[PDB]
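The structure appears right after this line, and notes come after that.
There are 4 protein chains.
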Amino acid sequence: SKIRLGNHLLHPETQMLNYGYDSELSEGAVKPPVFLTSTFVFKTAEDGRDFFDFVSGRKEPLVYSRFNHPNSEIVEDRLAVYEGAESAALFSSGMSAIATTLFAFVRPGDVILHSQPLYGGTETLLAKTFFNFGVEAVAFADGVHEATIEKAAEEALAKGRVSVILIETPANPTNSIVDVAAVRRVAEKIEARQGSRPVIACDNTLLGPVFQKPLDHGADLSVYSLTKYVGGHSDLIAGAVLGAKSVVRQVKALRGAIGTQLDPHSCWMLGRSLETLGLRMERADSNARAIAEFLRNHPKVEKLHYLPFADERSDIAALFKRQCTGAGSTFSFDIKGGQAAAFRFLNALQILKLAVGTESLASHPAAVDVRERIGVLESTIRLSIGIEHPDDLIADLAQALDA
Amino acid sequence: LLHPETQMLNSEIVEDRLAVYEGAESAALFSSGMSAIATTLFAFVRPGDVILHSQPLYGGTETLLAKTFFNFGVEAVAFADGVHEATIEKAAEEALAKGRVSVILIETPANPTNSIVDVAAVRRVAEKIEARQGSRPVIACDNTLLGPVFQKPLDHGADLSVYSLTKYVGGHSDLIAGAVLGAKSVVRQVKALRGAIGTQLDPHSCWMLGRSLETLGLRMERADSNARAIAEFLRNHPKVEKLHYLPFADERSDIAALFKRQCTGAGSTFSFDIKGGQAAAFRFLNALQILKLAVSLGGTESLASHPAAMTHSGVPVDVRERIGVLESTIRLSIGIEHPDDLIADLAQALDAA
Amino acid sequence: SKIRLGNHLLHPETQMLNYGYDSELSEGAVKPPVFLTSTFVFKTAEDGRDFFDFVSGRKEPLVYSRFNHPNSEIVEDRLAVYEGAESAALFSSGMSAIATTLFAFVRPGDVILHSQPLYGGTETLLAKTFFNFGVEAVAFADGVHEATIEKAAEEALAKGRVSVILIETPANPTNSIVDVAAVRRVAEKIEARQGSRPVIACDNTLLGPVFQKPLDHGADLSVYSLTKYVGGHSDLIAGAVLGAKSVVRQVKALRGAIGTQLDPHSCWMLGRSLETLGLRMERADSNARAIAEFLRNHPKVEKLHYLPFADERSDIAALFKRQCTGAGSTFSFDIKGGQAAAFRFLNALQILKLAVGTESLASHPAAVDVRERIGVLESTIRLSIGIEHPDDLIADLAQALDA
Amino acid sequence: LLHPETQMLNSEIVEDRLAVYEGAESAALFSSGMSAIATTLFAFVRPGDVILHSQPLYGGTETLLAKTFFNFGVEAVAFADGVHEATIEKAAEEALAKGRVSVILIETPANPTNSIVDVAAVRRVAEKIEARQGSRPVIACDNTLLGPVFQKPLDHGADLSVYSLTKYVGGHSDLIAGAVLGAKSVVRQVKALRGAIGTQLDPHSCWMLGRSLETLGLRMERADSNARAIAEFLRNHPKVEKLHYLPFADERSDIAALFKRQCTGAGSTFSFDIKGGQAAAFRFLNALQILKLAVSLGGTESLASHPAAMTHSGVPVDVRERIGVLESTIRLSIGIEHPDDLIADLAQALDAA
Ligand SMILES: *Cc1c(COP(=O)(O)O)cnc(C)c1O
Ligand SMILES: *Cc1c(COP(=O)(O)O)cnc(C)c1O
Ligand SMILES: *Cc1c(COP(=O)(O)O)cnc(C)c1O
Ligand SMILES: *Cc1c(COP(=O)(O)O)cnc(C)c1O
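Residue numbers (PDB author numbering), protein chains in the order written: chain B, 7 to 67, 75 to 369, 373 to 383, 391 to 426; chain A, 15 to 23, 84 to 427; chain B', 7 to 67, 75 to 369, 373 to 383, 391 to 426; chain A', 15 to 23, 84 to 427. A prime marks a further copy of an entry chain.
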């Protein structure tokens, strides 16, 4: 399967259609009366001409059909293409990808060094299930600064062997971020004190694969819930892990032991979603930007947690600028008027829906010091922006802002 | 005023969404484009009728008229020039002479060279027919090529907007479907006949179409812009003789003026003529590595074919040459790949030609 | 694709798995770490041994996958195998199969000679849509006797050219039947008076393909709603037409003109249903027999319309005995006590469901001379028996019989 | 008393149906057999524990124990003879000596030669363990081979009945699933861990399994009777040395007596030894035209394989020979084809051997 056409290098959007294409064709007999069906493809122009000599009825009578049933291995290769990674493994869910990854690298006595906050399933996974297997966890709250990461890392090194550094960036809600390259420098030091480099696993669900590539900034694994945004549908549940071949091979071996792979039908559906990923992501992201501009300078908005509007001089702005190529579709704002106004705003929405991709959503993460440190107040509204028309989203936001 | 892309996020439910995208009052779904066409015709025609129609039509539609309807005592009269009211008028008079004109069946733009017909003109010709025979024919417009994003024929005089959704809306080779859109009462008549002859779209396909509609705006826009980029590249290529692409019609021609008033975009499908005849065409085709050799795969992947030796090989030469289908003509149907990959493929294949 | 293994001839149940099997395999690369997946098949034992040399990890590294995506042509060939027909065409529905069939053979001026009663969609198709294209219809009420068929046929020959004889046997409800061979003799005479033999199309939905094969008794086409019983699921809608190759080819040509073919996904689902057809049909039929024995001699049952219990000496019994190999799963009985008792019985059922395959169903066809001639009284209950345990069905029937 | 076949006509809904078929109080669905197994183990074991288990286990389960659980500080002790309480007892004592015995993991009958284990015996050994250590291990029985139709291990002392539904219940190569069945409170613990590690069965597969359950009784019965017919044919065939098929155990053996009390049928999978060693085995395999060469395709199609050179090639020879896996051993997994076609295929392939 080609990554080049002569000297020209193929882009990902092309590759979601072409990479492994030959392996998606089936053959059937040509039987009269001959009609062109929705699936027929021809190896050569002369083959097409011969087929239509039957269709025309000029001649009395093999034909290829292109269907969309890629193996898991081919959908993995396409993911890896999008990421710019060597290799990929698919999983039945985001949580099974994370769990299998942790099971492949940790042992009782170990410490998982991680960022904060993390997806709630990941926190409960570390706090209960891994704690019960003798695995400890130490958090760094501030992932922007190499110094705060270094500190937590000493705290971890004193509880035991650091076998994994687990980060999520940006994290939900409010998009605090971690400096992946700083995490990698700190892993090189950890390794000096202990004789092994921990595996750096980055939950890239929020911005990946289009707007952030953690493997290009020092991560060893880029991990996903493909359920959330890539898949584009609530009935498509999947996770993935991507990185270098030998590291991914170790997760695959664990994946086969514990049986966490993605089933073939879901692989087919994912192959179909990938076809429109670049379109869906780019629209979501442009929609989020237009909405962000509208909320900024809106009388009823206290604060916007939107990374492109961080101050030029801040460390956050500098990091975002070197680690990311876009802001994705998820962000938060604090409304003027606390809870009762936030609820009234929510209750008024007619286009954005209330829940917890594709469709635009609004939620209230609060529903005390922990929540405020994150920037989750009772005035806080989290928006996850889909692919509706931006004008229509903005209209709905204006009127709900009960204004 | 909500945009349709916003509103996309049962047969009955999907029909309602399609009606919203079209801006129509109601919609009926069918197992295929051809079944939508047939069911529509059988709802409206009876032995002794005449179907007046534009030219060229899709080949399945031609067969349907020439064979099946002809056997049921329904004749057909073509107009080759649907741009001018006067040529549409001449045809209608031939048709009135042969029987009751119950349907006017048009297809615009037409595959594979984007011939067009003036839907408002056809409507006026229909209102003359009504004056001269007592009843106004149903105007059905096969809007597959640009619809529903880039043309709304119900806004320009059609009574029904008819689709193969297989081609572009659905997105994939395994999703086949047809639709008929218009006023509840004209549509209701099509559904009754649907119920009788069992031409409904199956539920799973209705579900799959539902899903497809969510990305329809994005995919159509992208295919359209990929197509414009490719047409622009080809227009300057020294192995390309002629383009059949409506945005490139001279701003002063009647075609240009009609395109500007009836359409908001060119869609994904067009043709060009290569230098060096059929043998050059065939070498170009055989060197393609990204565009596949095919007629349709649902609209997501880009395809190339040779209409004179393939789809239009059974069409008489007078029709072919009138619409610009020559031995050097290549049809392209552009999907949503990166435009640079498509252009690089085209450029290397043109070097083989 | 094989119909024989050496000299041994393959049975249909085998063929639903094997016929076109090679065309259902896909190929993928063998990539480490190697695991056996749910889909792998091996061309040879040495190939299997080599694959597991990877799986065992003895060696570091092509493999075939068997999925179930048959072309429509292959599912058609499998149907034809079950029928003992040369050829088959698939359609989007039972009604599209019937309509396409009629459209392929009739023209304004023609008469459709048919049996009675017919499925309601077929009656409305003949009474409205074909009447409006100048096509007339003449019925024979008694399809057992060559004489009553002959009479209607004269009545038809006097209205115009008889191009189709359309029969449904057994018909719903009450399982009146038509003598297909008698219909064929009458078609040979029609042909003598007019110079063409009409096409004999037999709606075989009730007993086909296992318990009746109309093509073996003089029919030219065996036509189906595969929705009702073959498919085994309400979301699987399909029809078919089967017979000799040249006759089926004419229906296919019409099918391509009017676009009434069955879509690929439904073809796949049908391919899956066929795998269990022989099992489902044989259970349904044995269940119906056990239930029939129970209702017969049940105090509260007036009359049973069950073909195996027709009197030995009757023409009906003789016909059934030479035309059918079983009774299928659908029949009727008249309860003692008219409407109010029939309703009470229905309302009491807990296992059989009230509606209009796979699951057992009960309905009231009445809900006056037309209905009685058929043997649809207000006491009449129609049962369509599914694949539940016979003991459980009988239990539910006993108690509902409000007894 | 309703039969389960009657009651088959959300994850939650399908779980309830499976629980009815098993006769269990509750069920949890998983993405695979292996994920059902893993999730169960991780719900119950902690570092310092010992998993006592029967032998042979499925190869994925062996790996899971030998690698993953061993790395998490959980050791494992096997008993080779699960027919006799005394050998199960000896093993349990070895296990108590190494740590807390938290699970007893059994698999009966075992693939590919139908070794069996006495589930009531294991339960008594568990109650002795409880007396000697303070807590009674969870008994999990991998019932894939006969369940749920032909064995109910929860009726004979197991705490949990664990399945690869991929193998026989689901019916097809594209339906992979696992299950854990038992009391609501033991199951509830497995679901909590399921929620945490994300091992749930996807909705579409839950839907597909739903459908499969409707024909489960018919397909299992048919496979079982096809298998009995084939075993009967093979038993008299002059190129067949030995059968590994539980109905053919001597009515006086302990195996026979245990089979009669714990099982209601033999299911579809068994083995036989061919005369002429591996080279004859391989020629037999390569001549098959109806049975395919494979390990599993979901249970509908009949398959043949060579365990010593394929699935059990990594298993040490002492285990292999104890369970009767020899170079001459052929595994058959019988589907729902007509028995005459299968026997005709077997007979012609045996002539090549
Ligand atoms: C949802 C989510 C997960 C877990 O994904 P599932 O597919 O639902 O198991 C992990 N990480 C992040 C950031 C998430 O949003
Ligand atoms: C393909 C096509 C049809 C027929 O649609 P099907 O879905 O293939 O039956 C009708 N009209 C036009 C213009 C087409 O391109
Ligand atoms: C239902 C039925 C039909 C029509 O079938 P559809 O698949 O529902 O279009 C035709 N004949 C008979 C006997 C029927 O029961
Ligand atoms: C296949 C199998 C497993 C594993 O099931 P998967 O669904 O393939 O993960 C477990 N136990 C037994 C006995 C098996 O045969």
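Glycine residues also receive a C-beta, built at the ideal position from the N, C-alpha and C atoms.
Per-residue burial, residue i [other beta carbons within 10 Å of its own, 16 or more giving buried]
i, result
"residue 30/B", "buried"
"residue 293/A'", "buried"
"residue 286/A'", "buried"
"residue 107/B'", "buried"
"residue 312/A", "exposed"
"residue 90/B'", "buried"
"residue 247/B'", "exposed"
"residue 363/B'", "exposed"
"residue 87/A", "exposed"
"residue 24/B", "buried"
"residue 391/A", "exposed"
"residue 9/B'", "exposed"
"residue 160/A", "exposed"
DSSP beta-bridge partners of residue i
i, result
"residue 127/B", "152/B and 179/B"
"residue 436/A'", "Nothing about residue 436/A' can be reported from this structure: the residues present for chain A' run from 15 to 427 only."
"residue 31/B'", "79/B'"
"residue 85/A'", "None, per the DSSP bridge assignment."
"residue 14/A", "The first residue shown for chain A is 15 and the last is 427, placing residue 14/A beyond what the model contains."
"residue 225/A", "337/A"
"residue 234/A", "214/A and 256/A"
"residue 10/B", "15/B"
"residue 406/A", "344/A and 378/A"
**Message:** Under 8 Å, with one C-beta from each stretch per pair, do the stretch 104-122 of chain A and the stretch 136-146 of chain B' reach the 3-pair mark?
**Reply:** Because the criterion of three Cβ pairs below 8 Å is met, the stretch 104-122 of chain A and the stretch 136-146 of chain B' touch.
**Message:** Check whether the stretch 252-263 of chain B and the stretch 46-59 of chain B are in contact - that is, three or more C-beta pairs closer than 8 Å.
**Reply:** no
**Request:** State whether the stretch 225-242 of chain A' contacts the stretch 148-166 of chain A', with contact taken as three or more CB pairs (one from each stretch) at a distance under 8 Å.
**Result:** no
**Request:** Report yes or no: do three or more beta-carbon pairs, one from the stretch 175-183 of chain B and one from the stretch 294-310 of chain B, lie closer than 8 Å?
**Result:** no
**Item:** Interface residues of the stretch 245-264 of chain B' facing chain B [CB-CB below 7 Å]
**Value:** 262
**Request:** Closer than 8 Å, Cβ to Cβ, to anything on chain B: give me those residues from the stretch 360-378 of chain A, in chain order.
**Result:** 360, 363, 364, 366, 367, 368, 369, 370, 371, 372, 374 and 375
**Request:** Please confirm if the stretch 324-336 of chain A' is in contact with the stretch 369-387 of chain A', defined as three or more CB-CB distances below 8 Å between the two stretches.
**Result:** Contact between the stretch 324-336 of chain A' and the stretch 369-387 of chain A' is absent, because fewer than three Cβ pairs lie under 8 Å.
**Asked** Using Cβ-Cβ distances below 8 Å, what residues of the stretch 117-131 of chain B' are close to chain A?
**Response** 120 and 121
**Request:** Identify each residue in the stretch 138-169 of chain A for which the Cβ-Cβ distance to at least one residue of chain B' is less than 7 Å, and report them in chain order.
**Result:** 138, 141, 142, 145, 146 and 147
**Message:** Give me the subset of the stretch 43-58 of chain B' whose CB atoms are less than 9 Å from a CB atom of chain A', sorted by chain position.
**Reply:** 43, 44, 45, 46, 47, 48, 49, 50, 51, 52, 53, 54, 55, 57 and 58
**Message:** Closer than 8 Å between beta carbons: that is the criterion. Which residues of the stretch 398-415 of chain A' meet it against chain B'?
**Reply:** 409, 410, 411, 412, 414 and 415
**Asked** With contact counted as at least three CB pairs below 8 Å, one residue from each stretch, are the stretch 9-28 of chain B and the stretch 11-18 of chain B' in contact?
**Response** No contact exists between the stretch 9-28 of chain B and the stretch 11-18 of chain B'.
**Message:** If the cut-off is 9 Å on Cβ atoms, which residues from the stretch 275-289 of chain A' count as contacting chain B, listed in chain order?
**Reply:** 275, 276, 277, 278, 279 and 282
**Request:** Evaluate the contact criterion for the stretch 345-356 of chain A versus the stretch 194-211 of chain A: three or more CB pairs, one atom per stretch, below 8 Å.
**Result:** no
**Prompt:** Would the stretch 35-44 of chain B' and the stretch 364-379 of chain A' be scored as touching if the rule is three or more Cβ pairs under 8 Å?
**Reply:** In short, these stretches touch, since the Cβ pair count reaches three.
**Request:** Evaluate contact between the stretch 184-197 of chain A and the stretch 335-346 of chain A, counting only Cβ atoms and requiring at least three cross-stretch pairs below 8 Å.
**Result:** yes
**Message:** Counting beta carbon pairs with one atom in the stretch 77-85 of chain B and one in the stretch 265-284 of chain A, are three or more of them shorter than 8 Å?
**Reply:** no
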